[PDB]
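Asks: Quick one, what's the 3D model for this:
(2 chains, ligands or ions: 6)
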Number of protein chains: 2
Amino acid sequence: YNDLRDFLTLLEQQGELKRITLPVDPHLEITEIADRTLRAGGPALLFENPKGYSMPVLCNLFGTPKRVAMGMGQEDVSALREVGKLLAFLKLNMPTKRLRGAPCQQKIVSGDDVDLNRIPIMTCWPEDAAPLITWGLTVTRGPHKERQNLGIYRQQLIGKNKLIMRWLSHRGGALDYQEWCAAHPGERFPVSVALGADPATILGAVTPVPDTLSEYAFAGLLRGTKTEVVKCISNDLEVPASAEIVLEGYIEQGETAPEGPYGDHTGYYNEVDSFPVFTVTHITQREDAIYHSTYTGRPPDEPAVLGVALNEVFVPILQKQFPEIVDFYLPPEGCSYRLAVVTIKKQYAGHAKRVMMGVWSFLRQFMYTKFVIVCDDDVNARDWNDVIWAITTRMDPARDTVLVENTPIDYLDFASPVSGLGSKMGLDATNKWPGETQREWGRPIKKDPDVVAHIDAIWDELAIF
Amino acid sequence: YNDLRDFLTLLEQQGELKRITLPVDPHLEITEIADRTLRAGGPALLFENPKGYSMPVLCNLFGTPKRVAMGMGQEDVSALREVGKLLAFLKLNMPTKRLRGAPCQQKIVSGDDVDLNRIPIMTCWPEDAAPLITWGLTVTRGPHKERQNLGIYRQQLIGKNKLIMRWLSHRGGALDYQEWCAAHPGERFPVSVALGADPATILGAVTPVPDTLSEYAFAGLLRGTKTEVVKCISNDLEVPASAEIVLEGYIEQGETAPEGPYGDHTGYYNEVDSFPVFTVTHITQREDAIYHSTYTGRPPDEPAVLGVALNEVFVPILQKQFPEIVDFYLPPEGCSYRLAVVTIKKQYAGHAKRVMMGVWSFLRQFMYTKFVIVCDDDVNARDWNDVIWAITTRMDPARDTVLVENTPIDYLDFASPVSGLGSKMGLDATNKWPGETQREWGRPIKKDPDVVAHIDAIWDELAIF
Ligand SMILES: Cc1cc2c3c(c1C)C(C)(C)CC=[N+]3c1c([nH]c(=O)[nH]c1=O)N2C[C@H](O)[C@H](O)[C@H](O)COP(=O)(O)O
Ligand SMILES: Cc1cc2c3c(c1C)C(C)(C)CC=[N+]3c1c([nH]c(=O)[nH]c1=O)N2C[C@H](O)[C@H](O)[C@H](O)COP(=O)(O)O
Ligand SMILES: [Mn+2]
Ligand SMILES: [Mn+2]
Ligand code: NA
Ligand code: NA
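Replies: Numbers count the residues shown, from 1 in each chain, chains lettered A, B, ... in the order given. Ligands and ions are numbered 1, 2, ... in the order given. Shown next is the protein structure:
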């Protein structure tokens, strides 16, 4: 049973983990180092000597797509499509195996002894309001079913034992809380947060499984074995037995705090807003605990890289519905969800428009995607040289652009005319068939596949780089 | 095992079948009578004395939605949603049970003895080219899989032993033929057509199951028992053992004939066009054979009524994908597929636009639907009094209308600017939320559910009608 430490050893053996012994400040400096590292596609980083703390800080864990694949037990990034077919089928799944004891409860501190200032919580960007917890798996139950939701919600430090719980309203945690308030007026909402669980559990948290299903069950499928958990000390929620640190407590109904500003995955600061306060009554941890953290900012960042790997999971699901789709890609540069490029085997005049409408309606992850570019299958969706070529040689802008107004848009997207509402643009860059054009369309240059294959074979021997 | 005769007895016992003993001409007159009957919601009709023939003609079999439900073994039309959930799951299924002999091969005629003029084939409308077979289950195999497709394709009489096979190019039969031609150049394509099978087999033929699956297998699920078949005499295709009449033969590669004009479900004539010729080498039938027929024309007609019952099947499938959908209805007046009304529990600004795009992209049956009206759940989608009310009180036409151009359109829709290509219109008639409008929206009048329930209870006793 691989916990997180086993994963770090695996990475270190493969030159995918680097230990920093120099003094480095959790205030701003770690983010700067990790940002350079990620942008050059370097290793995961373990800062063994954070200025002013004894607990090492692990970050950039999932800063390459390879390391996301490795964290699901697979060799490479193409294996992620198979986990996508699996995800199709859930739309008996395996419960958790509850241990009687666990390393994450070796050292326990509670009540007045709780001090989150002892943890090397990072400050990411210069005008961020305060230190911010960024890799917490938040565990909740609602009042109406047994299912335990795991989510990643950022958490601002506001006291020795107070965090802000910044879940957006469509998240599992926020729905569970909202229902608890209606169904049990005035009663404290139990909550627990696990830091540094095994990678299958972490990636399971972030994969959008149904709300009906526990993210613990999915992680079991990725792992091949049941997720090992332990009952929390102060509530009936279960947390991963291998966790490095666990926070337990509750949300007092009505209690809220102004959150942020914080730099966001779009590369801008979110302005201040109110969210629930999470009161921390217990902090449990391993001997030798490692603090797992990250940051978001201008893309690409670790979330963006996670998001590119998880898009591979969705390709199969889309292809099941739309078998004409050859590839489907959401570039990191587009803030991970705002632009999609789709390639198809076009079969009839107008086909591109059906595909756009499918991207905008089929799955909710893409409901808010404001640019969609559709191309033929001779275009590599992942290369702007091909995509721009297609746009500039197969479109007449006014004929081939679809605009739709008053559509749902992310409420934090300041570029839309009104919060929550905006337009979308679809670019039909497919070759135009009779009916779509009265001109003689051009015959595109295709490569000889035998020449390509021969050059693949002798490429290393050629030794050009 | 209910064959068709058992179904007719069931109908007759319930006042849903009427026998006509007066002389009535298959040329034009039967259509006129059936049209009046259907438009007044009357029974199925068995003309025992067709002028100039000895074989009775059965028509308007499925001219009420009730009779469609009855033909699936169910009591009423609401049960069709359950067959819809079933249809969701197929996306072991049961093979056919092959009998050693069958009533449909009691009287056999072949080669030079084949005369389709002995059958009371109907002429539907005054300017139709020729008599037309309208309720044939066409059975085919492709060369690449075992699966037997059943489809209903209209067939013009052009000789003693020649029919035109008018399958549109996306039908199972037409794809099977097309592949046969590529895979076995110049070889005759075996084909067989069953007239008057049991109602589960007929409705199975017309339900859009996957191309992967045999329509015979679905009929088995509707029935509860395997579809009983018999091997054809002249090929390896299987036809329903209970069939009243079966035509066997082949399509000679390259041989085509000008088809029509024929009046169509839109209420207009299709102009002439070429289709493959089906050469009939055998005609098998029961003692006492009954000829099953119908017509299409200005809606509503039997196809339209079939189509309304089968839309009930799709509601669940749509709801699985889009749980906000409360109801989804394609009125017969809109030529059965050209306009849809959808009602939703609206949950956010812009929601109607996601739903429109789903209707236009999720299922292929609705890819060609050119008007979509979206309303809230206080509107009965099936009552133009509600729908027009919603349109006229909740829309500003220019703000709330979505137009999209150069989308796929049915090639026979003469109203589009170019064959196969046209625009679509979505009307967002939902209540507008903040963001969508800066005005104070109106509070709609809701009825007291206790008053409604009380009036349901005393309604018969009130005896107003
Ligand atoms: C990986 C990751 C995902 C974050 C995230 C972060 C990371 C590292 C941070 C901490 C660096 C900064 C932004 N975080 C938030 C977030 N979702 C959210 O509602 N609030 C957030 O603050 N997301 C997304 C959220 O965790 C995922 O969408 C989950 O799949 C939601 O699960 P649920 O649908 O069960 O609630
Ligand atoms: C019930 C019914 C369906 C007709 C039909 C008729 C009826 C009575 C007629 C005979 C009265 C006049 C129009 N017919 C045609 C037709 N489809 C087609 O390609 N050509 C047709 O001529 N349809 C539709 C076709 O039979 C159904 O769409 C099948 O589900 C197609 O099956 P497939 O997808 O397996 O080919
Ligand atoms: Mn979840
Ligand atoms: Mn079929
Ligand atoms: Na989650
Ligand atoms: Na069919």
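Asks: Return the set of buried residues in the helix ranked longest in chain A.
Replies: Ranked by residue count under DSSP state H, the longest helix found in chain A is helix A:302-321. Using 16 or more other C-beta atoms under 10 Å in any protein chain shown as the test for burial, helix A:302-321 gives A:302-319, A:321. C-beta: built from backbone N, CA, C; applies to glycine.
Asks: For chain B, give me its nearest residue in the stretch 151-300 of chain A.
Replies: Residue nearest to chain B within the stretch 151-300 of chain A (C-beta to the nearest C-beta): residue A:170, separated by 9.3 Å.
Asks: where exactly do the strands run in the stretch 1-150 of chain A?
Replies: Using DSSP state E, counting those that start in this stretch, the strands of the stretch 1-150 of chain A run over A:17-20, A:44-47, A:57-59, A:97-99, A:107-110, A:132-133, A:136-141, A:148-152.
Asks: Format the ones you listed as CSV; extra columns: distance to residue B:136.
Replies: Putting the strands of the stretch 1-150 of chain A into CSV (distance: least, C-beta to C-beta, whole Å) gives the following:
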stretch, distance to residue B:136
strand A:17-20, 70
strand A:44-47, 67
strand A:57-59, 69
strand A:97-99, 60
strand A:107-110, 78
strand A:132-133, 69
strand A:136-141, 59
strand A:148-152, 55
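Asks: Put together CSV for those, with mean neighbour count and distance to ligand 1 on each row.
Replies: Below are the strands of the stretch 1-150 of chain A laid out as CSV (neighbours: other C-beta atoms under 10 Å in any protein chain shown; distance: least, C-beta to the nearest ligand atom, whole Å):
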stretch, mean neighbour count, distance to ligand 1
strand A:17-20, 16, 19
strand A:44-47, 23, 14
strand A:57-59, 24, 10
strand A:97-99, 14, 21
strand A:107-110, 14, 24
strand A:132-133, 26, 7
strand A:136-141, 25, 7
strand A:148-152, 22, 3
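Asks: Ok, which of those comes nearest residue A:253?
Replies: Proximity to residue A:253, assessed across the strands of the stretch 1-150 of chain A by C-beta to C-beta, is greatest for strand A:136-141 (14.5 Å).
Asks: Remind me what the closest one packs against, helices and strands.
Replies: Secondary-structure packing of strand A:136-141 (3 or more C-beta pairs under 8 Å, 6 or more residues apart in numbering or on different chains; DSSP states H and E): strand A:148-152, helix A:172-183, strand A:189-195, helix A:199-206, strand A:238-240.
Asks: could these go into CSV alongside distance to residue A:361?
Replies: Below are the helices and strands packed on strand A:136-141 laid out as CSV (distance: least, C-beta to C-beta, whole Å):
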stretch, distance to residue A:361
strand A:148-152, 25
helix A:172-183, 22
strand A:189-195, 34
helix A:199-206, 24
strand A:238-240, 36
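Asks: Output those as JSON lines; include the columns distance to chain B.
Replies: Formatted as JSON lines, the helices and strands packed on strand A:136-141 follow (distance: least, C-beta to the nearest C-beta, whole Å):
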{"stretch": "strand A:148-152", "distance to chain B": "18"}
{"stretch": "helix A:172-183", "distance to chain B": "13"}
{"stretch": "strand A:189-195", "distance to chain B": "23"}
{"stretch": "helix A:199-206", "distance to chain B": "23"}
{"stretch": "strand A:238-240", "distance to chain B": "29"}
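Asks: which one of the ones you listed lies closest to residue A:405?
Replies: helix A:172-183 (28.9 Å).
Asks: Is the closest one in proximity to ligand 1?
Replies: Yes - Helix A:172-183 reaches ligand 1 (C-beta under 6 Å from any ligand atom) through A:172, A:173.
Asks: just the strands in the stretch 301-450 of chain A please.
Replies: Assigned by DSSP E, counting those that start in this stretch, the stretch 301-450 of chain A shows strands spanning A:325-329, A:339-344, A:371-376, A:401-408, A:421-428.
Asks: Pipe the ones you listed into JSON lines and attach distance to residue B:55 and mean neighbour count per row.
Replies: Shown next, in JSON lines, are these (distance: least, C-beta to C-beta, whole Å; neighbours: other C-beta atoms under 10 Å in any protein chain shown):
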{"stretch": "strand A:325-329", "distance to residue B:55": "51", "mean neighbour count": "20"}
{"stretch": "strand A:339-344", "distance to residue B:55": "50", "mean neighbour count": "23"}
{"stretch": "strand A:371-376", "distance to residue B:55": "54", "mean neighbour count": "22"}
{"stretch": "strand A:401-408", "distance to residue B:55": "55", "mean neighbour count": "19"}
{"stretch": "strand A:421-428", "distance to residue B:55": "54", "mean neighbour count": "21"}
